[PDB]
$ cat upload_12.pdb   # PDB, N, CA and C atoms and all ligand atoms
ATOM      1  N   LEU A   1       0.845  -1.188   0.000  1.00  0.00           N
ATOM      2  CA  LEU A   1       0.000   0.000   0.000  1.00  0.00           C
ATOM      3  C   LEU A   1       0.889   1.250   0.000  1.00  0.00           C
ATOM      4  N   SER A   2       0.596   2.236  -0.859  1.00  0.00           N
ATOM      5  CA  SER A   2       1.399   3.463  -0.890  1.00  0.00           C
ATOM      6  C   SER A   2       0.585   4.737  -0.614  1.00  0.00           C
ATOM      7  N   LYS A   3      -0.746   4.623  -0.370  1.00  0.00           N
ATOM      8  CA  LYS A   3      -1.639   5.727   0.024  1.00  0.00           C
ATOM      9  C   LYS A   3      -2.157   5.355   1.420  1.00  0.00           C
ATOM     10  N   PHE A   4      -1.983   6.243   2.392  1.00  0.00           N
ATOM     11  CA  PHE A   4      -2.328   5.950   3.790  1.00  0.00           C
ATOM     12  C   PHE A   4      -3.364   6.902   4.331  1.00  0.00           C
ATOM     13  N   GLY A   5      -4.307   6.387   5.098  1.00  0.00           N
ATOM     14  CA  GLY A   5      -5.353   7.222   5.681  1.00  0.00           C
ATOM     15  C   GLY A   5      -5.084   7.552   7.126  1.00  0.00           C
ATOM     16  N   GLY A   6      -5.671   8.652   7.579  1.00  0.00           N
ATOM     17  CA  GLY A   6      -5.493   9.064   8.962  1.00  0.00           C
ATOM     18  C   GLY A   6      -6.386  10.213   9.331  1.00  0.00           C
ATOM     19  N   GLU A   7      -6.002  10.937  10.403  1.00  0.00           N
ATOM     20  CA  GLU A   7      -6.764  12.085  10.901  1.00  0.00           C
ATOM     21  C   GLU A   7      -5.844  13.301  11.021  1.00  0.00           C
ATOM     22  N   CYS A   8      -6.359  14.509  10.737  1.00  0.00           N
ATOM     23  CA  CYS A   8      -5.541  15.721  10.868  1.00  0.00           C
ATOM     24  C   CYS A   8      -5.792  16.476  12.180  1.00  0.00           C
ATOM     25  N   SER A   9      -4.758  17.177  12.643  1.00  0.00           N
ATOM     26  CA  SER A   9      -4.798  17.996  13.857  1.00  0.00           C
ATOM     27  C   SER A   9      -5.022  19.426  13.405  1.00  0.00           C
ATOM     28  N   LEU A  10      -6.079  20.072  13.932  1.00  0.00           N
ATOM     29  CA  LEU A  10      -6.356  21.453  13.549  1.00  0.00           C
ATOM     30  C   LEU A  10      -5.265  22.372  14.131  1.00  0.00           C
ATOM     31  N   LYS A  11      -4.859  22.126  15.384  1.00  0.00           N
ATOM     32  CA  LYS A  11      -3.872  22.951  16.082  1.00  0.00           C
ATOM     33  C   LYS A  11      -2.449  22.768  15.531  1.00  0.00           C
ATOM     34  N   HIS A  12      -2.069  21.525  15.202  1.00  0.00           N
ATOM     35  CA  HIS A  12      -0.710  21.243  14.685  1.00  0.00           C
ATOM     36  C   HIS A  12      -0.574  21.241  13.160  1.00  0.00           C
ATOM     37  N   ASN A  13      -1.694  21.217  12.446  1.00  0.00           N
ATOM     38  CA  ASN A  13      -1.752  21.229  10.981  1.00  0.00           C
ATOM     39  C   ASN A  13      -1.013  20.039  10.411  1.00  0.00           C
ATOM     40  N   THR A  14      -1.237  18.861  11.001  1.00  0.00           N
ATOM     41  CA  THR A  14      -0.542  17.651  10.564  1.00  0.00           C
ATOM     42  C   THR A  14      -1.532  16.525  10.306  1.00  0.00           C
ATOM     43  N   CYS A  15      -1.128  15.533   9.500  1.00  0.00           N
ATOM     44  CA  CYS A  15      -1.863  14.303   9.184  1.00  0.00           C
ATOM     45  C   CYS A  15      -1.183  13.144   9.864  1.00  0.00           C
ATOM     46  N   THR A  16      -1.881  12.446  10.780  1.00  0.00           N
ATOM     47  CA  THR A  16      -1.302  11.295  11.459  1.00  0.00           C
ATOM     48  C   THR A  16      -1.940  10.077  10.849  1.00  0.00           C
ATOM     49  N   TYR A  17      -1.146   9.294  10.138  1.00  0.00           N
ATOM     50  CA  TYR A  17      -1.658   8.135   9.396  1.00  0.00           C
ATOM     51  C   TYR A  17      -1.044   6.834   9.847  1.00  0.00           C
ATOM     52  N   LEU A  18      -1.746   5.712   9.563  1.00  0.00           N
ATOM     53  CA  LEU A  18      -1.239   4.393   9.871  1.00  0.00           C
ATOM     54  C   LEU A  18      -0.443   3.822   8.695  1.00  0.00           C
ATOM     55  N   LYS A  19       0.779   3.347   8.955  1.00  0.00           N
ATOM     56  CA  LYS A  19       1.632   2.658   7.968  1.00  0.00           C
ATOM     57  C   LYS A  19       2.341   1.535   8.713  1.00  0.00           C
ATOM     58  N   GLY A  20       2.164   0.294   8.261  1.00  0.00           N
ATOM     59  CA  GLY A  20       2.743  -0.842   8.965  1.00  0.00           C
ATOM     60  C   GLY A  20       2.172  -1.010  10.366  1.00  0.00           C
ATOM     61  N   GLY A  21       0.924  -0.582  10.556  1.00  0.00           N
ATOM     62  CA  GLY A  21       0.210  -0.680  11.823  1.00  0.00           C
ATOM     63  C   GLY A  21       0.621   0.319  12.890  1.00  0.00           C
ATOM     64  N   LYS A  22       1.458   1.311  12.535  1.00  0.00           N
ATOM     65  CA  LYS A  22       1.907   2.325  13.496  1.00  0.00           C
ATOM     66  C   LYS A  22       1.670   3.745  12.983  1.00  0.00           C
ATOM     67  N   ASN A  23       1.513   4.709  13.907  1.00  0.00           N
ATOM     68  CA  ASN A  23       1.282   6.100  13.549  1.00  0.00           C
ATOM     69  C   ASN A  23       2.530   6.802  13.017  1.00  0.00           C
ATOM     70  N   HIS A  24       2.357   7.533  11.908  1.00  0.00           N
ATOM     71  CA  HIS A  24       3.377   8.355  11.272  1.00  0.00           C
ATOM     72  C   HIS A  24       2.788   9.741  11.044  1.00  0.00           C
ATOM     73  N   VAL A  25       3.643  10.764  10.894  1.00  0.00           N
ATOM     74  CA  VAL A  25       3.152  12.130  10.775  1.00  0.00           C
ATOM     75  C   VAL A  25       3.714  12.857   9.555  1.00  0.00           C
ATOM     76  N   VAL A  26       2.862  13.574   8.834  1.00  0.00           N
ATOM     77  CA  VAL A  26       3.308  14.526   7.783  1.00  0.00           C
ATOM     78  C   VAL A  26       2.564  15.875   7.947  1.00  0.00           C
ATOM     79  N   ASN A  27       3.192  17.012   7.568  1.00  0.00           N
ATOM     80  CA  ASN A  27       2.514  18.299   7.641  1.00  0.00           C
ATOM     81  C   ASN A  27       1.489  18.408   6.508  1.00  0.00           C
ATOM     82  N   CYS A  28       0.327  19.023   6.762  1.00  0.00           N
ATOM     83  CA  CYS A  28      -0.727  19.194   5.772  1.00  0.00           C
ATOM     84  C   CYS A  28      -0.376  20.112   4.613  1.00  0.00           C
ATOM     85  N   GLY A  29       0.369  21.154   4.923  1.00  0.00           N
ATOM     86  CA  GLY A  29       0.590  22.250   3.983  1.00  0.00           C
ATOM     87  C   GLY A  29      -0.132  23.492   4.505  1.00  0.00           C
ATOM     88  N   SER A  30       0.383  24.685   4.203  1.00  0.00           N
ATOM     89  CA  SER A  30      -0.122  25.965   4.721  1.00  0.00           C
ATOM     90  C   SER A  30      -1.179  26.662   3.873  1.00  0.00           C
ATOM     91  N   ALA A  31      -1.292  26.304   2.606  1.00  0.00           N
ATOM     92  CA  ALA A  31      -2.255  26.949   1.697  1.00  0.00           C
ATOM     93  C   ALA A  31      -3.711  26.757   2.125  1.00  0.00           C
ATOM     94  N   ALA A  32      -4.612  27.644   1.662  1.00  0.00           N
ATOM     95  CA  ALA A  32      -6.024  27.598   2.020  1.00  0.00           C
ATOM     96  C   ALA A  32      -6.678  26.255   1.692  1.00  0.00           C
ATOM     97  N   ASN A  33      -6.334  25.663   0.550  1.00  0.00           N
ATOM     98  CA  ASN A  33      -6.901  24.375   0.146  1.00  0.00           C
ATOM     99  C   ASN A  33      -6.167  23.153   0.699  1.00  0.00           C
ATOM    100  N   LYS A  34      -5.086  23.355   1.449  1.00  0.00           N
ATOM    101  CA  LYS A  34      -4.302  22.245   1.999  1.00  0.00           C
ATOM    102  C   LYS A  34      -4.377  22.051   3.515  1.00  0.00           C
ATOM    103  N   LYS A  35      -4.366  23.139   4.298  1.00  0.00           N
ATOM    104  CA  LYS A  35      -4.336  23.025   5.745  1.00  0.00           C
ATOM    105  C   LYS A  35      -5.516  22.255   6.368  1.00  0.00           C
ATOM    106  N   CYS A  36      -5.290  21.690   7.549  1.00  0.00           N
ATOM    107  CA  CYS A  36      -6.340  21.014   8.302  1.00  0.00           C
ATOM    108  C   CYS A  36      -7.324  22.128   8.766  1.00  0.00           C
ATOM    109  N   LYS A  37      -8.611  22.061   8.373  1.00  0.00           N
ATOM    110  CA  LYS A  37      -9.619  23.076   8.727  1.00  0.00           C
ATOM    111  C   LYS A  37     -10.598  22.629   9.828  1.00  0.00           C
ATOM    112  N   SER A  38     -10.692  21.320  10.074  1.00  0.00           N
ATOM    113  CA  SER A  38     -11.568  20.759  11.101  1.00  0.00           C
ATOM    114  C   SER A  38     -10.775  19.749  11.889  1.00  0.00           C
ATOM    115  N   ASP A  39     -10.838  19.821  13.220  1.00  0.00           N
ATOM    116  CA  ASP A  39     -10.078  18.920  14.056  1.00  0.00           C
ATOM    117  C   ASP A  39     -10.523  17.474  13.861  1.00  0.00           C
ATOM    118  N   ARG A  40      -9.535  16.565  13.759  1.00  0.00           N
ATOM    119  CA  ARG A  40      -9.692  15.118  13.578  1.00  0.00           C
ATOM    120  C   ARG A  40     -10.314  14.737  12.216  1.00  0.00           C
ATOM    121  N   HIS A  41     -10.323  15.660  11.234  1.00  0.00           N
ATOM    122  CA  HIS A  41     -10.873  15.384   9.893  1.00  0.00           C
ATOM    123  C   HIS A  41     -10.054  14.310   9.196  1.00  0.00           C
ATOM    124  N   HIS A  42     -10.648  13.577   8.244  1.00  0.00           N
ATOM    125  CA  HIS A  42      -9.906  12.547   7.522  1.00  0.00           C
ATOM    126  C   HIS A  42      -8.837  13.192   6.657  1.00  0.00           C
ATOM    127  N   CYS A  43      -7.668  12.565   6.608  1.00  0.00           N
ATOM    128  CA  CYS A  43      -6.608  12.995   5.708  1.00  0.00           C
ATOM    129  C   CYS A  43      -6.027  11.766   4.991  1.00  0.00           C
ATOM    130  N   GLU A  44      -5.360  11.987   3.859  1.00  0.00           N
ATOM    131  CA  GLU A  44      -4.681  10.903   3.150  1.00  0.00           C
ATOM    132  C   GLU A  44      -3.294  11.348   2.727  1.00  0.00           C
ATOM    133  N   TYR A  45      -2.290  10.484   2.924  1.00  0.00           N
ATOM    134  CA  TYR A  45      -0.922  10.730   2.494  1.00  0.00           C
ATOM    135  C   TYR A  45      -0.550   9.730   1.380  1.00  0.00           C
ATOM    136  N   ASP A  46      -0.256  10.248   0.186  1.00  0.00           N
ATOM    137  CA  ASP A  46       0.207   9.435  -0.945  1.00  0.00           C
ATOM    138  C   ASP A  46       1.718   9.482  -0.906  1.00  0.00           C
ATOM    139  N   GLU A  47       2.331   8.455  -0.351  1.00  0.00           N
ATOM    140  CA  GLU A  47       3.791   8.416  -0.190  1.00  0.00           C
ATOM    141  C   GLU A  47       4.527   8.265  -1.556  1.00  0.00           C
ATOM    142  N   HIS A  48       3.873   7.594  -2.508  1.00  0.00           N
ATOM    143  CA  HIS A  48       4.474   7.419  -3.841  1.00  0.00           C
ATOM    144  C   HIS A  48       4.644   8.721  -4.602  1.00  0.00           C
ATOM    145  N   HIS A  49       3.635   9.611  -4.513  1.00  0.00           N
ATOM    146  CA  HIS A  49       3.670  10.900  -5.202  1.00  0.00           C
ATOM    147  C   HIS A  49       4.084  12.051  -4.272  1.00  0.00           C
ATOM    148  N   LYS A  50       4.277  11.761  -2.961  1.00  0.00           N
ATOM    149  CA  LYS A  50       4.651  12.767  -1.965  1.00  0.00           C
ATOM    150  C   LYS A  50       3.606  13.889  -1.928  1.00  0.00           C
ATOM    151  N   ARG A  51       2.334  13.520  -1.817  1.00  0.00           N
ATOM    152  CA  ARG A  51       1.226  14.469  -1.761  1.00  0.00           C
ATOM    153  C   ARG A  51       0.330  14.204  -0.547  1.00  0.00           C
ATOM    154  N   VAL A  52      -0.097  15.260   0.175  1.00  0.00           N
ATOM    155  CA  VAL A  52      -0.989  15.059   1.323  1.00  0.00           C
ATOM    156  C   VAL A  52      -2.279  15.858   1.153  1.00  0.00           C
ATOM    157  N   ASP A  53      -3.414  15.287   1.565  1.00  0.00           N
ATOM    158  CA  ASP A  53      -4.688  15.994   1.460  1.00  0.00           C
ATOM    159  C   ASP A  53      -5.410  15.916   2.792  1.00  0.00           C
ATOM    160  N   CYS A  54      -5.479  17.038   3.490  1.00  0.00           N
ATOM    161  CA  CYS A  54      -6.132  17.108   4.795  1.00  0.00           C
ATOM    162  C   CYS A  54      -7.573  17.678   4.707  1.00  0.00           C
ATOM    163  N   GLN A  55      -8.128  17.830   3.490  1.00  0.00           N
ATOM    164  CA  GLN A  55      -9.462  18.422   3.297  1.00  0.00           C
ATOM    165  C   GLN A  55     -10.529  17.583   2.535  1.00  0.00           C
ATOM    166  N   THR A  56     -10.161  16.526   1.789  1.00  0.00           N
ATOM    167  CA  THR A  56     -11.171  15.741   1.055  1.00  0.00           C
ATOM    168  C   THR A  56     -11.707  14.609   1.925  1.00  0.00           C
ATOM    169  N   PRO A  57     -13.044  14.445   1.960  1.00  0.00           N
ATOM    170  CA  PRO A  57     -13.638  13.417   2.836  1.00  0.00           C
ATOM    171  C   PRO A  57     -13.407  11.967   2.407  1.00  0.00           C
ATOM    172  N   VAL A  58     -13.198  11.724   1.108  1.00  0.00           N
ATOM    173  CA  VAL A  58     -12.967  10.367   0.618  1.00  0.00           C
ATOM    174  C   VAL A  58     -11.491   9.984   0.689  1.00  0.00           C
TER
HETATM  175 ZN    ZN B   1       5.415   5.654  -9.924  1.00  0.00          ZN
END

$ encode --input "upload_12.pdb" --output "structure tokens" --more "lines below"
Ligand SMILES: [Zn+2]
Amino acid sequence: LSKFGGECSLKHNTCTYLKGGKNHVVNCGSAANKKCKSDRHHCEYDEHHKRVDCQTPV
């Protein structure tokens, strides 16, 4: 698997995702369409393309 799901922190602006059954962290990004806008919202990290999305529900 190279796309990982998790939850974003509104205060820290980060995506905490599961990889190999353990929590890992990446920053969401600072732009209006990238940052975490709702606490504990779903996020996805695509490790293959090095892209994170802290705003799409799917
Ligand atoms: Zn490729």

$ atom_distance --input "upload_12.pdb" --atom1 "CA of residue 45 in chain A" --atom2 "CA of residue 12 in chain A"
16.1 Å

$ residues_around --input "upload_12.pdb" --residues "range 8-11 of chain A" --least-positions-apart "4" --cutoff "6.5 Å" --atoms "only N, CA and C atoms" --output "PyMOL selection string"
chain A and resi 15-16+36-43+54

$ closest_residue --input "upload_12.pdb" --among "A:53, A:14, A:34, A:48" --to "ligand ZN 1 (chain B)" --atoms "only N, CA and C atoms and all ligand atoms"
A:48

$ residues_near_ligand --input "upload_12.pdb" --ligand "ligand ZN 1 (chain B)" --cutoff "12 Å" --atoms "only C-alpha atoms and all ligand atoms" --output "list in words"
residues 2, 46, 47, 48, 49 and 50 of chain A

$ select_by_dssp --input "upload_12.pdb" --residues "chain A" --states "strand (DSSP E or B)" --output "ChimeraX atom specification"
/A:3-9,14-19,22-27,42-46,51-53

$ atom_distance --input "upload_12.pdb" --atom1 "CA of residue 58 in chain A" --atom2 "CA of residue 7 in chain A"
12.1 Å

$ atom_distance --input "upload_12.pdb" --atom1 "CA of residue 35 in chain A" --atom2 "CA of residue 21 in chain A"
24.9 Å

$ decode --input "upload_12.pdb" --residues "range 4-55 of chain A" --atoms "C-alpha atoms" --output "PDB file, in the first residue's frame"
ATOM      1  CA  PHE A   4      -2.328   5.950   3.790  1.00  0.00           C
ATOM      2  CA  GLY A   5      -5.353   7.222   5.681  1.00  0.00           C
ATOM      3  CA  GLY A   6      -5.493   9.064   8.962  1.00  0.00           C
ATOM      4  CA  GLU A   7      -6.764  12.085  10.901  1.00  0.00           C
ATOM      5  CA  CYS A   8      -5.541  15.721  10.868  1.00  0.00           C
ATOM      6  CA  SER A   9      -4.798  17.996  13.857  1.00  0.00           C
ATOM      7  CA  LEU A  10      -6.356  21.453  13.549  1.00  0.00           C
ATOM      8  CA  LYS A  11      -3.872  22.951  16.082  1.00  0.00           C
ATOM      9  CA  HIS A  12      -0.710  21.243  14.685  1.00  0.00           C
ATOM     10  CA  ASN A  13      -1.752  21.229  10.981  1.00  0.00           C
ATOM     11  CA  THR A  14      -0.542  17.651  10.564  1.00  0.00           C
ATOM     12  CA  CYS A  15      -1.863  14.303   9.184  1.00  0.00           C
ATOM     13  CA  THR A  16      -1.302  11.295  11.459  1.00  0.00           C
ATOM     14  CA  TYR A  17      -1.658   8.135   9.396  1.00  0.00           C
ATOM     15  CA  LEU A  18      -1.239   4.393   9.871  1.00  0.00           C
ATOM     16  CA  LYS A  19       1.632   2.658   7.968  1.00  0.00           C
ATOM     17  CA  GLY A  20       2.743  -0.842   8.965  1.00  0.00           C
ATOM     18  CA  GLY A  21       0.210  -0.680  11.823  1.00  0.00           C
ATOM     19  CA  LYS A  22       1.907   2.325  13.496  1.00  0.00           C
ATOM     20  CA  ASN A  23       1.282   6.100  13.549  1.00  0.00           C
ATOM     21  CA  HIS A  24       3.377   8.355  11.272  1.00  0.00           C
ATOM     22  CA  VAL A  25       3.152  12.130  10.775  1.00  0.00           C
ATOM     23  CA  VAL A  26       3.308  14.526   7.783  1.00  0.00           C
ATOM     24  CA  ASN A  27       2.514  18.299   7.641  1.00  0.00           C
ATOM     25  CA  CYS A  28      -0.727  19.194   5.772  1.00  0.00           C
ATOM     26  CA  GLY A  29       0.590  22.250   3.983  1.00  0.00           C
ATOM     27  CA  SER A  30      -0.122  25.965   4.721  1.00  0.00           C
ATOM     28  CA  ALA A  31      -2.255  26.949   1.697  1.00  0.00           C
ATOM     29  CA  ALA A  32      -6.024  27.598   2.020  1.00  0.00           C
ATOM     30  CA  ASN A  33      -6.901  24.375   0.146  1.00  0.00           C
ATOM     31  CA  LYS A  34      -4.302  22.245   1.999  1.00  0.00           C
ATOM     32  CA  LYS A  35      -4.336  23.025   5.745  1.00  0.00           C
ATOM     33  CA  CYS A  36      -6.340  21.014   8.302  1.00  0.00           C
ATOM     34  CA  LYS A  37      -9.619  23.076   8.727  1.00  0.00           C
ATOM     35  CA  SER A  38     -11.568  20.759  11.101  1.00  0.00           C
ATOM     36  CA  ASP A  39     -10.078  18.920  14.056  1.00  0.00           C
ATOM     37  CA  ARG A  40      -9.692  15.118  13.578  1.00  0.00           C
ATOM     38  CA  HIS A  41     -10.873  15.384   9.893  1.00  0.00           C
ATOM     39  CA  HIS A  42      -9.906  12.547   7.522  1.00  0.00           C
ATOM     40  CA  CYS A  43      -6.608  12.995   5.708  1.00  0.00           C
ATOM     41  CA  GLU A  44      -4.681  10.903   3.150  1.00  0.00           C
ATOM     42  CA  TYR A  45      -0.922  10.730   2.494  1.00  0.00           C
ATOM     43  CA  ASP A  46       0.207   9.435  -0.945  1.00  0.00           C
ATOM     44  CA  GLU A  47       3.791   8.416  -0.190  1.00  0.00           C
ATOM     45  CA  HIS A  48       4.474   7.419  -3.841  1.00  0.00           C
ATOM     46  CA  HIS A  49       3.670  10.900  -5.202  1.00  0.00           C
ATOM     47  CA  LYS A  50       4.651  12.767  -1.965  1.00  0.00           C
ATOM     48  CA  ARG A  51       1.226  14.469  -1.761  1.00  0.00           C
ATOM     49  CA  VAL A  52      -0.989  15.059   1.323  1.00  0.00           C
ATOM     50  CA  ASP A  53      -4.688  15.994   1.460  1.00  0.00           C
ATOM     51  CA  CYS A  54      -6.132  17.108   4.795  1.00  0.00           C
ATOM     52  CA  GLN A  55      -9.462  18.422   3.297  1.00  0.00           C
TER      53      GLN A  55
END
